[PDB]
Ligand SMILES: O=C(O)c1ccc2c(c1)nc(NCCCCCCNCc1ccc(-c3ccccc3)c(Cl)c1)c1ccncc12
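Shown next as C-alpha cells: one chain only, the form solved without the ligand.
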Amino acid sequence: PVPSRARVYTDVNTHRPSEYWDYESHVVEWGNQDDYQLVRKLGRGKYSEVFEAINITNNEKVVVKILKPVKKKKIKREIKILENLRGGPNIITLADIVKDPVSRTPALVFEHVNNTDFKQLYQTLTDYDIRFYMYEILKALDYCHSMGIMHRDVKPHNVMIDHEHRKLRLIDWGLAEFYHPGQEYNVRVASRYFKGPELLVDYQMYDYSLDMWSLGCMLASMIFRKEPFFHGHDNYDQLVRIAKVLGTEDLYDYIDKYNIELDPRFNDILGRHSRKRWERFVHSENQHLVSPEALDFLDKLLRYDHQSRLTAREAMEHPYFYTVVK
C-alpha cells in the first residue's frame, strides 16, 4: 500500500520534545488511595473496571478506573495522554493516580464527572440538542487532534453528559494514541458499528480522521433514529452494510487510491451497489431531525477516503452548527 498522512496536525508530535509522546519513559506521580472511598462498580471492560467513588477529604463525587494488570505500555499511554490533554475543552479531567490495594495496579481518579450528574449518551435528543452536543464533542476532538492524539473509540458509551447543566465529557482514552506521520497502527480499535472503512479493509496508516467517521456513525443513528446506523453482524458484514449505503464504486476507488490489498472475502460479498440518497432513511418519525444542513454534514463525514472527510475543525464551521450559539 501507498502511504497516507493526516492533512491537519500532521507533524505535531514530530516537533515536540520526545517526552511528550514517549509514554514508555513517563514517571507516574502517585496520590493516596485512602482519600477515595469506592461506592460501587459501574462497569467492567477488557482492560479496566470503573467505579462511582467519593473523595472523603472533601465530599466530592469522582469516578475511579482501575486498570487491569495487562501490558504496562498501554497503562502509561493512557496516563500520558490524559495528562497532556488535561484542561482541554470537554476532555475528562484526570485528578489523581493511586495504587489500588486489591488489583495492585494504577487507579485513575477523574474529577468534574460523576455517575449521578453525568450519564452516557443513551438519551433520545431533540434536533437542537443533537447539534449542541455534537458541537461539544467536536471541541474535544479538535483539541485532542491538535495535541497530536487520536481517540480511536468514539461511540455513545464514551460520551458523558450532564443534561441539566449542559456539560459534556469525552471519556475512555484507553485506546487513544499519538499520531506520527507514516506510522502503522493496529486496526483492532473502535467498536464494530463505529469502525471506519480503513480499519475494515486493514489499512494501517490511518489518522485523526478515523474519529470523524465514528462521529458520523453516531450522528446518522441519532438523526435517522436507527441504532446502530451500520448494523454489521461481523467485520465483513459491517463493510457490506456501509457499501449498501455509500456504494461499492467509491469503496473500490478508495482501495485503488491507497493500493490496499483487499481481503478476497470482500470481493465475494460486496457485489455492486450504488450510493443511496439520504432521504431513503427519512420517514415520518425522524423527518423533524433532518435538514439539508444535517444531510450535507453527514455526507462530508461519511466518506470512504479518510483524507476527504471533514476534519473536526472544518466540521465546527459547517452550516449544521450555524444555529448553535457559539
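Residue numbers here begin at 1 and follow the sequence given.
Of 290-298 and 29-37, the one with larger mean CA B-factor: Higher of the two, by average CA B-factor, is 29-37.
Which of 130-138 and 69-77 has higher mean CA B factor, as the PDB entry lists it: Comparing 69-77 with 130-138, the higher mean C-alpha B-factor belongs to 69-77.
Among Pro106, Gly247, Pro197, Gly148 - the residue whose C-alpha B-factor is largest in the record: Within the set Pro106, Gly247, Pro197, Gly148, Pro106 shows the top C-alpha B-factor.
Residue, from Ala243, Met212, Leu94, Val98, that the PDB entry assigns the highest Cα B-factor: Each of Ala243, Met212, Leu94, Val98 was compared by C-alpha B-factor; the highest is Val98.
Assigned third (lowest, middle, highest) for the C-alpha B factor of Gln204: Tercile = lowest for this residue's CA B-factor.
Cα B factor band for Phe178 (lowest, middle or highest third within the chain): Lowest third of the chain for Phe178's C-alpha B-factor.
Third of the chain's Cα B-factor distribution that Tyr47 belongs to, per the entry: Highest third, going by the recorded CA B-factors of the chain.
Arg16 by Cα B-factor - lowest, middle or highest third of the modelled chain: Within its chain, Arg16 is a highest-third residue by C-alpha B-factor, going by the deposited values.
Chain-relative CA temperature factor third for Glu24: Highest third.
Here the subject shifts to the form deposited with the ligand bound, a form of this protein not shown in this document.
Pose source in the deposited bound form; superposed partner the ligand; site open or blocked by backbone or C-beta within 2.4 Å: Blocked.
The unique member of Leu301, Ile260, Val50, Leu289 whose heavy atoms fall within 4.5 Å of the ligand in the deposited bound form: Checking each option against the ligand in the deposited bound form, the one that comes within 4.5 Å is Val50.
In the deposited bound form, the residue from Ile149, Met218, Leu210, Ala140 that sits within 4.5 Å of the ligand by heavy atoms: After the contact test, the surviving option is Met218.
Contact flag, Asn115 vs the ligand in the deposited bound form, heavy atom cut 4.5 Å: Yes - in the deposited bound form, heavy atoms of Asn115 and the ligand come within 4.5 Å of each other.
Partner contact for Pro156 in the deposited bound form: the ligand, 4.5 angstroms, heavy atom: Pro156: yes, in contact with the ligand in the deposited bound form.
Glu111: touches the ligand in the deposited bound form, heavy atom cutoff 4.5 angstroms: Residue-level check for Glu111: yes, a contact with the ligand.
4.5 Å heavy atom contact, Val201 and the ligand in the deposited bound form: No, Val201 stays farther than 4.5 Å from the ligand in the deposited bound form.
Joint contact, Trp278, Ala294 and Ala312 to the ligand in the deposited bound form, by non-hydrogen atom at 4.5 Å: No: no residue has a heavy atom within 4.5 Å of the partner.
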